[PDB]
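> what shape does this take:
(2 chains)
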Amino acid sequence: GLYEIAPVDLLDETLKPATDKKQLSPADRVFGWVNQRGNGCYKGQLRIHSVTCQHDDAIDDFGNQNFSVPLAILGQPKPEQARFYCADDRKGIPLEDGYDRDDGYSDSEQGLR
RNA sequence: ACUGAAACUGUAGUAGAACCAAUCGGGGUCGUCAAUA
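Residues are numbered from 1 along each chain as shown, chains lettered A, B, ... in the order given. The structure is reproduced below:
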């Protein structure tokens, strides 16, 4: 089955990424912005530079240069799991327990987590 | 009912002045998929 509402519609227009230079929120001003939908950009006011490691033997050689720990499974995020990704109110309230999946992305007054 | 002759379209003049190839982005991470008996 398809849920009735696309997640983009459960996000408030004031929270979607900015679409003009007038609506730049604090992080868009501090870190900068580029419009993904047309013209518009702003160079960020915060610049990170001169990163240096102070320790010399900082990397963990596990014992030989050819060792390698196999690293669990980093699976892909799956927002179809509405009980994890969807919220009952645009304040980000988790969904109620016990309701069937048809409830997930249901009302327009639902929200994202 | 006696052709005028002779005469460099030439001389001087910088396609140049100003202009940032640049703005934003963690090499990151979990539950799905199939429909019947």
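> kindly export the top helix by length along chain A (C-alpha atoms) in CSV.
When chain A is parsed with DSSP state H, its longest helix is helix A:26-31. C-alpha atoms of helix A:26-31 as CSV (Å, rounded to 0.1, in the frame of the first residue of the first chain):
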residue,chain,number,x,y,z
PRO,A,26,20.3,31.3,11.5
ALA,A,27,22.3,28.3,10.2
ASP,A,28,21.8,29.5,6.6
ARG,A,29,23.3,32.8,7.6
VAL,A,30,26.2,31.5,9.7
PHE,A,31,27.1,28.5,7.5
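> how about chain A: which residue is closest to RNA strand B?
Ranked by C-beta to the nearest atom of the strand, the top residue of chain A for proximity to RNA strand B is residue A:75, at 2.0 Å. All C-beta atoms are positioned from the backbone trio N, CA, C, and that covers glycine.
> ok, now which ones touch the residue located most distally from the centre of chain A?
Distance from the centre of chain A peaks at residue A:64, with 37.3 Å (C-alpha atoms, centre = their mean). Contact criterion C-beta atoms under 8 Å, 6 or more residues apart in numbering gives no residues in contact with residue A:64.
> equivalent analysis for the one 5 residues further on, please.
Under the criterion of C-beta under 8 Å, 6+ apart, the contact partners of residue A:69 comprise residue A:62.
> one more pass at 10 Å, please.
The contact partners of residue A:69, by C-beta atoms under 10 Å, 6 or more residues apart in numbering, come to A:60, A:62.
> which strand or helix spans it?
Here residue A:69 sits in a region with no helix or strand, counting by DSSP states H and E.
> does the residue farthest from the centre of chain A count as helix, strand or coil?
Per DSSP: H, G, I helix; E, B strand; the rest coil, the local secondary structure of residue A:64 is coil.
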